[PDB]
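First up is the structure itself, then whatever we jot down about it.
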Amino acid sequence: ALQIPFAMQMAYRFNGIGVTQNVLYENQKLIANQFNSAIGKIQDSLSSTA
Amino acid sequence: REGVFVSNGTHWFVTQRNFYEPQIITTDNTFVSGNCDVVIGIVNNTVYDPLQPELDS
Amino acid sequence: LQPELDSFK
Ligand SMILES: *[C@@H]1O[C@H](CO)[C@@H](O)[C@H](O)[C@H]1NC(C)=O
Ligand SMILES: *[C@@H]1O[C@H](CO)[C@@H](O)[C@H](O)[C@H]1NC(C)=O
Ligand SMILES: *[C@@H]1O[C@H](CO)[C@@H](O)[C@H](O)[C@H]1NC(C)=O
């Protein structure tokens, strides 16, 4: 295991889907809120007694 | 353009992810976009330009 | 680059 700071850990994953990593850093705040926001809904999806 | 930025204490370099092959930072292997006002973790440094030595040479 | 310099020095 080699430590990789999470900032550019996502960046390489973006390179793996044909997206330039420059967009991520310019949109780091938006992605973080979007990721956390999604975690909010997924929790309620299971808690909704479905 | 490829790999990540590394520094042996004070001298920054560019190397591929899966091996340590440090190289001098250059415009050819580092695509530039935007300005260093929104990226978190930017580091001030000069980027060697191969054209300048060739200019007037 | 070499021909470019030669074309215009
Ligand atoms: C880091 O690497 C450069 C590259 O040659 C070298 O000059 C320098 O002594 C090394 N150490 C530090 C602390 O910069
Ligand atoms: C890294 O984290 C430390 C403390 O957690 C903080 O002081 C520093 O500004 C951070 N740097 C970057 C580039 O995020
Ligand atoms: C980096 O350079 C900019 C402009 O040259 C300057 O405003 C800033 O204070 C420098 N240092 C940083 C960003 O740590």
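Residue names in the structure tokens use chain letters A, B, ... in the order shown, residue numbers from 1 in each chain, and ligand numbers from 1 in the order shown.
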Can I get the residues close to ligand 1 as number ranges by chain, where close means within 12 Å and we count only C-alpha atoms and all ligand atoms? B: 6-14, 21-25
Residues just named, written with C-alpha atoms as an mmCIF file, in the first residue's frame:
```cif
data_model
loop_
_atom_site.group_PDB
_atom_site.id
_atom_site.type_symbol
_atom_site.label_atom_id
_atom_site.label_comp_id
_atom_site.auth_asym_id
_atom_site.auth_seq_id
_atom_site.Cartn_x
_atom_site.Cartn_y
_atom_site.Cartn_z
ATOM 1 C CA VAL B 6 6.987 15.010 -6.673
ATOM 2 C CA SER B 7 9.785 16.800 -4.849
ATOM 3 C CA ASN B 8 12.920 15.492 -3.133
ATOM 4 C CA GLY B 9 12.526 18.043 -0.365
ATOM 5 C CA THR B 10 12.876 21.232 -2.413
ATOM 6 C CA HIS B 11 13.391 20.327 -6.111
ATOM 7 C CA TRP B 12 10.115 19.485 -7.842
ATOM 8 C CA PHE B 13 9.918 16.797 -10.518
ATOM 9 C CA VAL B 14 7.439 14.860 -12.655
ATOM 10 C CA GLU B 21 11.696 8.474 -12.939
ATOM 11 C CA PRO B 22 12.000 12.147 -11.969
ATOM 12 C CA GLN B 23 12.152 14.666 -14.804
ATOM 13 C CA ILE B 24 12.407 18.440 -15.007
ATOM 14 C CA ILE B 25 9.069 20.233 -15.239
#
```
Ligand 2: which residues are within 10 Å, counting only C-alpha atoms and all ligand atoms? Reply as JSON, numbers by chain. {"A": [5, 7], "B": [39, 40, 41, 42, 43]}
Between atom CA of residue 48 of chain A and atom CA of residue 29 of chain A, what distance in Å does the model show, to one decimal?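 Between atom CA of residue 48 of chain A and atom CA of residue 29 of chain A the gap is 28.8 Å.
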Output as a list in words the set of chain B residues within 10 Å of chain A, with distances taken over only C-alpha atoms. residues 1, 2, 3, 4, 17, 31, 32, 33, 34, 35, 36, 37, 38, 39, 40 and 41 of chain B
Would you export the selected residues with N, CA and C atoms as a tab-separated table (two decimals), in the first residue's frame, please?
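Dumped to selection-v5.tsv:
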```
chain	number	residue	atom	x	y	z
B	1	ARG	N	0.74	16.28	-17.58
B	1	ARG	CA	0.13	15.51	-18.66
B	1	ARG	C	-0.03	14.05	-18.26
B	2	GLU	N	1.01	13.47	-17.66
B	2	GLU	CA	0.98	12.12	-17.14
B	2	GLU	C	1.75	12.08	-15.84
B	3	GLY	N	1.41	11.11	-14.99
B	3	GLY	CA	2.09	11.00	-13.72
B	3	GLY	C	1.65	12.08	-12.74
B	4	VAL	N	2.46	12.26	-11.70
B	4	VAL	CA	2.18	13.21	-10.64
B	4	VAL	C	3.44	14.02	-10.35
B	17	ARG	N	3.29	7.31	-12.33
B	17	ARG	CA	2.72	6.83	-11.07
B	17	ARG	C	3.39	5.55	-10.59
B	31	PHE	N	0.34	20.05	-19.55
B	31	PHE	CA	-0.66	20.90	-20.19
B	31	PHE	C	-1.18	21.93	-19.19
B	32	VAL	N	-1.36	23.16	-19.67
B	32	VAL	CA	-1.74	24.29	-18.84
B	32	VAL	C	-3.19	24.66	-19.13
B	33	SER	N	-3.95	24.93	-18.08
B	33	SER	CA	-5.35	25.33	-18.23
B	33	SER	C	-5.76	26.15	-17.02
B	34	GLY	N	-6.45	27.26	-17.27
B	34	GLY	CA	-6.93	28.09	-16.19
B	34	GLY	C	-5.81	28.86	-15.51
B	35	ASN	N	-6.13	29.36	-14.31
B	35	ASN	CA	-5.19	30.10	-13.49
B	35	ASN	C	-5.15	29.47	-12.10
B	36	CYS	N	-4.04	29.71	-11.40
B	36	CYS	CA	-3.81	29.10	-10.09
B	36	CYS	C	-4.52	29.91	-8.99
B	37	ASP	N	-5.84	30.03	-9.14
B	37	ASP	CA	-6.67	30.74	-8.19
B	37	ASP	C	-7.74	29.87	-7.54
B	38	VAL	N	-8.08	28.73	-8.14
B	38	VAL	CA	-9.12	27.86	-7.60
B	38	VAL	C	-8.60	26.48	-7.21
B	39	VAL	N	-7.47	26.03	-7.76
B	39	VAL	CA	-6.95	24.71	-7.43
B	39	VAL	C	-6.39	24.73	-6.01
B	40	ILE	N	-6.80	23.77	-5.20
B	40	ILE	CA	-6.34	23.66	-3.82
B	40	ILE	C	-5.05	22.86	-3.80
B	41	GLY	N	-4.02	23.41	-3.17
B	41	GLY	CA	-2.73	22.75	-3.09
B	41	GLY	C	-1.72	23.18	-4.12
```
Contact check, chain C to chain B, at most 10 Å, counting only C-alpha atoms, closest pairs as JSON lines:
```
{"residue": "C:1", "atom": "CA", "partner": "B:54", "partner_atom": "CA", "distance": 9.0}
{"residue": "C:2", "atom": "CA", "partner": "B:54", "partner_atom": "CA", "distance": 9.6}
{"residue": "C:5", "atom": "CA", "partner": "B:57", "partner_atom": "CA", "distance": 8.8}
{"residue": "C:9", "atom": "CA", "partner": "B:56", "partner_atom": "CA", "distance": 8.1}
```
Separation of atom CA of residue 28 of chain B from atom CA of residue 16 of chain B in Å: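 The value is 15.0 Å.
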Please, which residues of chain B, numbered as in this document, come out strand (DSSP E) from DSSP, as an MDAnalysis selection string? chainID B and resid 4:7 12:15
Could you write out the selected residues, including N, CA, C and O atoms, as a compact mmCIF listing (two decimals), in the first residue's frame?
```txt
# COMPACT_ATOMS: atom_id res chain seq x y z
N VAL B 4 2.46 12.26 -11.70
CA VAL B 4 2.18 13.21 -10.64
C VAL B 4 3.44 14.02 -10.35
O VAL B 4 4.54 13.67 -10.77
N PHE B 5 3.24 15.12 -9.64
CA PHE B 5 4.34 15.99 -9.24
C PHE B 5 4.94 15.49 -7.92
O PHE B 5 4.20 15.16 -6.99
N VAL B 6 6.27 15.44 -7.86
CA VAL B 6 6.99 15.01 -6.67
C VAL B 6 8.13 15.98 -6.43
O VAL B 6 8.52 16.75 -7.31
N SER B 7 8.67 15.94 -5.22
CA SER B 7 9.78 16.80 -4.85
C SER B 7 10.66 16.08 -3.83
O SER B 7 10.14 15.56 -2.84
N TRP B 12 11.29 20.16 -7.32
CA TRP B 12 10.12 19.49 -7.84
C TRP B 12 10.45 18.73 -9.12
O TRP B 12 11.36 19.09 -9.87
N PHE B 13 9.70 17.65 -9.36
CA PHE B 13 9.92 16.80 -10.52
C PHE B 13 8.60 16.16 -10.93
O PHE B 13 7.61 16.20 -10.19
N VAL B 14 8.59 15.58 -12.12
CA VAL B 14 7.44 14.86 -12.66
C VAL B 14 7.86 13.43 -12.95
O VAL B 14 8.90 13.20 -13.58
N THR B 15 7.07 12.47 -12.48
CA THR B 15 7.37 11.06 -12.67
C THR B 15 6.07 10.29 -12.85
O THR B 15 5.01 10.72 -12.38
```
